[PDB]
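This report concerns only the one structure given below.
We number each residue from 1, following the sequence as shown. For ligands, and for the atoms within them, numbers begin at 1 and follow the listed sequence.
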Amino acid sequence: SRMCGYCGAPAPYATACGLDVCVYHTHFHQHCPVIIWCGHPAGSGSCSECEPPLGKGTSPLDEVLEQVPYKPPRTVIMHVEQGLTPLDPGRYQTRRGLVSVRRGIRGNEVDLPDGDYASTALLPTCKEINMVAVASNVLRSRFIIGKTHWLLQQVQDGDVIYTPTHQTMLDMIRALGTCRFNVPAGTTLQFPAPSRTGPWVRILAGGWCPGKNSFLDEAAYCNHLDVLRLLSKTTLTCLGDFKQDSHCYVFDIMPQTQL
Ligand SMILES: [Zn+2]
Ligand SMILES: [Zn+2]
Ligand SMILES: [Zn+2]
Ligand SMILES: [Zn+2]
């Protein structure tokens with residue numbers, strides 16, 4: 001049961017960039033195309049139903065997306081046999097509507113009859129963003145105004161520490177000492193071996209993973225969409241300089257603490 005990334009209402013449709021949207025919000029997403037009930041992009045004028053003009057979006061997500069130009073992927077054919085496809089896991093727009101492809105024991109599982117289907121993969125740009133949750137969680141978050149001794153006192157084994165780059169991830173691992181992590185695939189840096197115990201250290205672009213308390217290292221330098229993705233699922237304790245395009249808009253609303 002998918003919910004609208006803007007307002008939280010039931011979302012039968014999705015943007016090309018991966019945001020779920022309700023009937024209303026199909027027409028307020030200027031960033032990229034939204035295929036609607038008639039099968040055409042909203043406001044395209046391909047038929048009577050998609051003739052009405054688009055509106056300008058009023059979510060700060062829409063402001064963030066002004067700096068992220070939509071790059072449309074090429075149409076690829078999804079071969080399906082015995083409920084399996086060669087195409088990677090993800091969400092795809094087809095003539096049967098939206099279709100999910102999930103990794104399983106046998107391979108990439110997809111709930112479609114045997115055949116070949118023209119498909120357009122949705123981008124991960126706005127994957128799992130929920131602005132209703134962001135508005136709630138940001139007010140119960142905290143930006144903490146090196147002072148790594150503070151982090152060691154507060155951090156626990158069940159916590160998760162998100163971090164922007166491979167370099168910042170490496171430096172966080174050295175500062176913590178004993179900690180769990182997965183070494184990023186295709187990295188030029190020399191990471192140490194992950195311990196059996198300790199707090200998890202995860203690369204920000206990997207998205208949200210369940211944890212007790214969550215931290216955002218160098219929050220001012222972090223990708224805006226990834227931050228929103230994180231605040232869609234949990235409150236954060238943000239770290240580093242407040243400022244150093246600019247930092248994400250959420251940090252103007254977020255409560256602060258010194259020391
Ligand atoms: Zn909506
Ligand atoms: Zn979009
Ligand atoms: Zn139409
Ligand atoms: Zn600001």
Task: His25, N/O/S atom nearest the Zn ion (ligand 1) - done: ND1
Task: Sidechain-backbone polar pair: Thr26 side chain, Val23 backbone, donor-acceptor under 3.5 Å - done: yes
Open item on the list: To 10 degrees, how wide is the angle NE2 (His29) to the Zn ion (ligand 2) to ND1 (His31)?
Closed with: 110°
Any side-chain donor near an acceptor of the partner, [X] and [Y], under 3.5 Å:
| X | Y | answer |
| --- | --- | --- |
| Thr163 | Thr168 | yes |
| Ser195 | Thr197 | no |
| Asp62 | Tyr6 | yes |

Task: Angle in degrees, rounded to 10°, that SG of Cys22 and SG of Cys4 form at the Zn ion (ligand 1) - done: 120°
TODO: Write the atom name of the N, O or S atom in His247 that is nearest the Zn ion (ligand 4).
DONE: NE2
TODO: Looking at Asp252, pick out the N, O or S atom nearest to the Zn ion (ligand 4) and give its name.
DONE: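 In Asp252, the N, O or S atom with the shortest distance to the Zn ion (ligand 4) is OD1.
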TODO: Decide, counting backbone as well as side-chain atoms, whether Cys32 has an N, O or S atom less than 2.8 Å from the Zn ion (ligand 2).
DONE: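 Yes, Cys32 qualifies, because one of its backbone or side-chain N, O or S atoms lies under 2.8 Å.
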Open item on the list: If the test is side-chain contact (heavy atoms from CB on, under 4.5 Å), which one of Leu61, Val68, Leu228 qualifies with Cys126?
Closed with: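 Result for side-chain contact (heavy atoms from CB on, under 4.5 Å) with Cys126: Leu61.
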